[PDB]
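What follows is the content of query28.pdb (PDB, C-alpha atoms (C1' of nucleotides)).
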```
ATOM      1  CA  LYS B 225      10.321  40.872 -40.934
ATOM      2  CA  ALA B 226      10.635  38.132 -43.570
ATOM      3  CA  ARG B 227      11.901  40.030 -46.665
ATOM      4  CA  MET B 228      11.917  38.629 -50.195
ATOM      5  CA  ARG B 229      14.833  38.380 -52.615
ATOM      6  CA  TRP B 230      14.422  38.728 -56.373
ATOM      7  CA  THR B 231      16.711  35.906 -57.551
ATOM      8  CA  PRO B 232      17.514  35.924 -61.308
ATOM      9  CA  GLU B 233      15.209  32.906 -61.790
ATOM     10  CA  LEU B 234      12.286  34.638 -60.091
ATOM     11  CA  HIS B 235      12.962  37.807 -62.038
ATOM     12  CA  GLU B 236      13.135  35.813 -65.280
ATOM     13  CA  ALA B 237       9.765  34.264 -64.485
ATOM     14  CA  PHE B 238       8.361  37.693 -63.636
ATOM     15  CA  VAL B 239       9.606  39.033 -66.968
ATOM     16  CA  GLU B 240       8.029  36.176 -68.947
ATOM     17  CA  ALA B 241       4.736  36.715 -67.165
ATOM     18  CA  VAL B 242       4.860  40.426 -67.952
ATOM     19  CA  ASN B 243       5.684  39.881 -71.622
ATOM     20  CA  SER B 244       2.908  37.379 -71.872
ATOM     21  CA  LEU B 245       0.515  40.079 -70.599
ATOM     22  CA  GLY B 246       1.802  42.540 -73.202
ATOM     23  CA  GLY B 247       4.671  44.385 -71.453
ATOM     24  CA  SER B 248       5.119  46.392 -68.249
ATOM     25  CA  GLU B 249       2.563  49.134 -68.828
ATOM     26  CA  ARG B 250      -0.216  46.721 -69.686
ATOM     27  CA  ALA B 251       0.430  43.976 -67.108
ATOM     28  CA  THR B 252      -1.186  44.102 -63.684
ATOM     29  CA  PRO B 253       0.136  42.795 -60.331
ATOM     30  CA  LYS B 254      -2.781  40.389 -59.929
ATOM     31  CA  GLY B 255      -2.349  39.100 -63.479
ATOM     32  CA  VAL B 256       1.363  38.543 -63.117
ATOM     33  CA  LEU B 257       0.942  36.793 -59.778
ATOM     34  CA  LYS B 258      -1.700  34.519 -61.273
ATOM     35  CA  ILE B 259       0.665  33.495 -64.077
ATOM     36  CA  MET B 260       3.788  33.052 -61.984
ATOM     37  CA  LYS B 261       2.148  30.592 -59.580
ATOM     38  CA  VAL B 262       4.786  30.725 -56.861
ATOM     39  CA  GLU B 263       4.111  29.459 -53.346
ATOM     40  CA  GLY B 264       4.410  32.252 -50.783
ATOM     41  CA  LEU B 265       4.547  35.030 -53.389
ATOM     42  CA  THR B 266       2.073  37.771 -52.388
ATOM     43  CA  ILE B 267       0.480  40.431 -54.582
ATOM     44  CA  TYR B 268       2.420  43.066 -52.642
ATOM     45  CA  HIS B 269       5.681  41.380 -53.620
ATOM     46  CA  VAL B 270       4.774  41.712 -57.275
ATOM     47  CA  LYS B 271       3.185  45.156 -56.955
ATOM     48  CA  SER B 272       6.406  46.668 -55.686
ATOM     49  CA  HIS B 273       8.652  44.810 -58.096
ATOM     50  CA  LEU B 274       6.505  45.847 -61.043
ATOM     51  CA  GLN B 275       6.579  49.525 -60.087
ATOM     52  CA  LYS B 276      10.370  49.438 -60.227
ATOM     53  CA  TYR B 277      10.439  47.407 -63.421
ATOM     54  CA  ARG B 278       8.185  49.984 -65.021
ATOM     55  CA  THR B 279      10.480  52.897 -64.264
ATOM     56  CA  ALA B 280      13.714  51.091 -65.232
ATOM     57  CA  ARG B 281      15.251  53.210 -68.056
TER      58      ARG B 281
ATOM     59  CA  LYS A 225       5.834  57.019 -37.468
ATOM     60  CA  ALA A 226       5.618  60.515 -38.924
ATOM     61  CA  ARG A 227       5.283  60.171 -42.751
ATOM     62  CA  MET A 228       6.263  63.325 -44.626
ATOM     63  CA  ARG A 229       4.633  65.132 -47.510
ATOM     64  CA  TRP A 230       6.500  66.458 -50.518
ATOM     65  CA  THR A 231       4.502  69.633 -51.238
ATOM     66  CA  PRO A 232       5.334  71.274 -54.621
ATOM     67  CA  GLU A 233       7.174  74.061 -52.755
ATOM     68  CA  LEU A 234       9.373  71.605 -50.873
ATOM     69  CA  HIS A 235      10.008  69.718 -54.090
ATOM     70  CA  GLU A 236      10.914  73.012 -55.777
ATOM     71  CA  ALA A 237      13.406  73.701 -53.010
ATOM     72  CA  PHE A 238      14.791  70.187 -53.334
ATOM     73  CA  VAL A 239      15.239  70.670 -57.074
ATOM     74  CA  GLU A 240      17.106  73.956 -56.620
ATOM     75  CA  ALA A 241      19.407  72.388 -54.065
ATOM     76  CA  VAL A 242      20.140  69.508 -56.435
ATOM     77  CA  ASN A 243      20.843  71.778 -59.403
ATOM     78  CA  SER A 244      23.073  73.869 -57.198
ATOM     79  CA  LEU A 245      25.257  70.798 -56.637
ATOM     80  CA  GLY A 246      25.267  69.876 -60.337
ATOM     81  CA  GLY A 247      22.083  67.915 -61.066
ATOM     82  CA  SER A 248      20.848  64.519 -59.898
ATOM     83  CA  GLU A 249      23.944  62.439 -60.584
ATOM     84  CA  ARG A 250      26.313  64.699 -58.709
ATOM     85  CA  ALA A 251      24.200  65.782 -55.720
ATOM     86  CA  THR A 252      24.197  63.776 -52.470
ATOM     87  CA  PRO A 253      21.518  63.437 -49.729
ATOM     88  CA  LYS A 254      23.696  65.033 -47.041
ATOM     89  CA  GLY A 255      24.656  67.857 -49.401
ATOM     90  CA  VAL A 256      21.097  68.584 -50.413
ATOM     91  CA  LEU A 257      19.872  68.527 -46.824
ATOM     92  CA  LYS A 258      22.626  70.945 -45.824
ATOM     93  CA  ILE A 259      21.524  73.389 -48.529
ATOM     94  CA  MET A 260      17.782  73.083 -48.018
ATOM     95  CA  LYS A 261      17.917  73.928 -44.302
ATOM     96  CA  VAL A 262      14.403  72.780 -43.451
ATOM     97  CA  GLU A 263      13.104  72.247 -39.916
ATOM     98  CA  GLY A 264      12.307  68.584 -39.300
ATOM     99  CA  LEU A 265      13.796  67.362 -42.575
ATOM    100  CA  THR A 266      15.966  64.253 -42.045
ATOM    101  CA  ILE A 267      18.624  62.833 -44.349
ATOM    102  CA  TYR A 268      16.418  59.764 -44.836
ATOM    103  CA  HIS A 269      13.627  61.975 -46.144
ATOM    104  CA  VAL A 270      15.938  63.329 -48.822
ATOM    105  CA  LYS A 271      17.650  60.017 -49.534
ATOM    106  CA  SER A 272      14.354  58.439 -50.547
ATOM    107  CA  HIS A 273      13.093  61.415 -52.500
ATOM    108  CA  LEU A 274      16.362  61.664 -54.417
ATOM    109  CA  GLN A 275      16.290  58.001 -55.415
ATOM    110  CA  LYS A 276      12.886  58.597 -57.018
ATOM    111  CA  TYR A 277      13.949  61.846 -58.642
ATOM    112  CA  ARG A 278      16.930  60.038 -60.138
ATOM    113  CA  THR A 279      14.823  57.364 -61.790
ATOM    114  CA  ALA A 280      12.113  59.745 -63.031
ATOM    115  CA  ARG A 281      11.940  59.122 -66.789
ATOM    116  CA  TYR A 282      11.333  62.836 -67.474
TER     117      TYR A 282
ATOM    118  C1'  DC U   1      27.344  58.017 -45.057
ATOM    119  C1'  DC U   2      25.830  56.907 -50.621
ATOM    120  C1'  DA U   3      23.453  53.897 -53.487
ATOM    121  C1'  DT U   4      19.985  50.404 -54.224
ATOM    122  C1'  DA U   5      16.119  46.750 -53.228
ATOM    123  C1'  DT U   6      12.013  45.972 -51.040
ATOM    124  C1'  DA U   7       7.920  47.132 -47.993
ATOM    125  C1'  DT U   8       4.332  49.811 -46.386
ATOM    126  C1'  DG U   9       1.271  53.749 -46.659
ATOM    127  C1'  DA U  10      -1.393  56.898 -49.377
ATOM    128  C1'  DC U  11      -4.543  58.283 -53.493
TER     129       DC U  11
ATOM    130  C1'  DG E   1      -4.628  49.499 -59.600
ATOM    131  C1'  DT E   2      -1.195  53.637 -59.324
ATOM    132  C1'  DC E   3       2.026  56.140 -57.059
ATOM    133  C1'  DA E   4       4.695  58.142 -52.722
ATOM    134  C1'  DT E   5       7.345  57.284 -48.957
ATOM    135  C1'  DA E   6       9.756  54.510 -45.642
ATOM    136  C1'  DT E   7      12.729  50.952 -44.121
ATOM    137  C1'  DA E   8      16.220  47.338 -45.049
ATOM    138  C1'  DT E   9      20.181  45.926 -47.489
ATOM    139  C1'  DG E  10      25.253  46.266 -49.641
ATOM    140  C1'  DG E  11      29.432  48.884 -50.337
TER     141       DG E  11
END
```

Could you quickly redo this structure as structure tokens?
Amino acid sequence: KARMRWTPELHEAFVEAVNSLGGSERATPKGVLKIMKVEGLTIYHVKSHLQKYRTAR
Amino acid sequence: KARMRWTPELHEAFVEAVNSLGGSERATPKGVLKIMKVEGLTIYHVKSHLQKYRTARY
DNA sequence: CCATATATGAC
DNA sequence: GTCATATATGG
């Protein structure tokens, strides 16, 4: 149990990464992670966050 | 650890329960569970499923 | 409890 | 990679 918290800064960085990869449907967890370059950030962190981002109305 | 499986029939039942209470925005986990009356079905099962249903685009 | 964020398991 | 479900958080 060491849960992660999507601070506005992190989220902002995530967004930029996703735009840079051509939006939420095109981007991939691995690709985003690669771009974000954040120490301790796992692919599973990004995989989950992206799923949610993608279904946000 | 006993992960559950939302068969189409179960889902169908879930939907009916939710409509019965006035669609996704009005319905509540406890309320749905009460209506569904399914052996082994916990409130946490329904809570999760409802969250997803509520954010389903279509 | 009701709602939401995040994690973990399953295709 | 995608998607389904569970578990943790906040009110």

Name every residue that the PyMOL selection byres ((chain E) within 10 of (chain B)) selects in this structure, writing the answer as a ChimeraX atom specification with chains first and numbers rising.
/E:1-3,8

Starting from chain A, keep only residues with some atom at most 8 Å from an atom of chain B, counting all atoms listed in the file, and report them as a PDB file with C-alpha atoms, keeping the file's coordinate frame.
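See out02.pdb below for the written result:
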```pdb
ATOM      1  CA  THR A 279      14.823  57.364 -61.790  1.00  0.00           C
ATOM      2  CA  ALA A 280      12.113  59.745 -63.031  1.00  0.00           C
ATOM      3  CA  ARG A 281      11.940  59.122 -66.789  1.00  0.00           C
TER       4      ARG A 281
END
```

Show me as a PyMOL selection string the residues that reach within 10 Å of (17.6, 69.6, -56.0), counting only C-alpha atoms (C1' of nucleotides) and using the file's own coordinates.
chain A and resi 234-248+251-253+255-257+259-260+270+273-274+277

Residues of chain E that have any atom at most 12 Å from an atom of chain A: could you tabulate them with the shortest-distance atom pair and the distance in Å to one decimal, using only C-alpha atoms (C1' of nucleotides), ordered by chain and increasing number, as JSON lines?
```
{"residue": "E:3", "atom": "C1'", "partner": "A:276", "partner_atom": "CA", "distance": 11.1}
{"residue": "E:4", "atom": "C1'", "partner": "A:229", "partner_atom": "CA", "distance": 8.7}
{"residue": "E:5", "atom": "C1'", "partner": "A:227", "partner_atom": "CA", "distance": 7.1}
{"residue": "E:6", "atom": "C1'", "partner": "A:227", "partner_atom": "CA", "distance": 7.8}
{"residue": "E:7", "atom": "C1'", "partner": "A:268", "partner_atom": "CA", "distance": 9.6}
```

Can you write out the residues you just picked, keeping C-alpha atoms (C1' of nucleotides), as a PDB file, keeping the file's coordinate frame?
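Once everything was written out, this is part26.pdb:
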```
ATOM      1  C1'  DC E   3       2.026  56.140 -57.059  1.00  0.00           C
ATOM      2  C1'  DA E   4       4.695  58.142 -52.722  1.00  0.00           C
ATOM      3  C1'  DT E   5       7.345  57.284 -48.957  1.00  0.00           C
ATOM      4  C1'  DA E   6       9.756  54.510 -45.642  1.00  0.00           C
ATOM      5  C1'  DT E   7      12.729  50.952 -44.121  1.00  0.00           C
TER       6       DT E   7
END
```

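Among B:278, B:261, B:237, B:269, the residue with the shortest atom-to-atom distance to chain U, counting all atoms listed in the file, is B:269.
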
Here's the selection I'm unsure about, the PyMOL selection byres ((chain U) within 10 of (chain B)); applied to the file above, which residues does it give, as JSON, numbers by chain?
{"U": [5, 6, 7, 8]}

Could you tell me which of A:231, A:263, A:282, A:254 comes closest to chain U if we count only C-alpha atoms (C1' of nucleotides)?
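Smallest distance to chain U is found for A:254.
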
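Across the structure, atom CA of residue B:242 and atom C1' of residue E:10 are spaced 28.0 Å apart.
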
Nearest residue to chain U from the set A:275, A:233, A:258, A:265 (distances using all atoms listed in the file)
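Among the listed residues, A:275 lies closest to chain U.
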
Neighbours of chain A in chain U at 9 Å, counting all atoms listed in the file, as a PyMOL selection string
chain U and resi 1-4+9

Each side padded by 4 Å, which centre and which edge lengths in Å (one decimal) define the axis-aligned box around the listed atoms of stretch 227-230 of chain A? Give them as lines of an AutoDock Vina configuration file.
```
center_x = 5.6
center_y = 63.3
center_z = -46.6
size_x = 9.9
size_y = 14.3
size_z = 15.8
```

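As for atom CA of residue A:250 and atom CA of residue B:277, they are spaced 23.9 Å apart.
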
Could you tell me how far atom CA of residue B:256 sits from atom CA of residue B:235, in Å to one decimal place?
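Atom-to-atom, atom CA of residue B:235 and atom CA of residue B:256 are spaced 11.7 Å apart.
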
Of the candidates B:260, B:274, B:246, B:251, which shows the shortest atom-to-atom distance to residue B:234, using only C-alpha atoms?
B:260
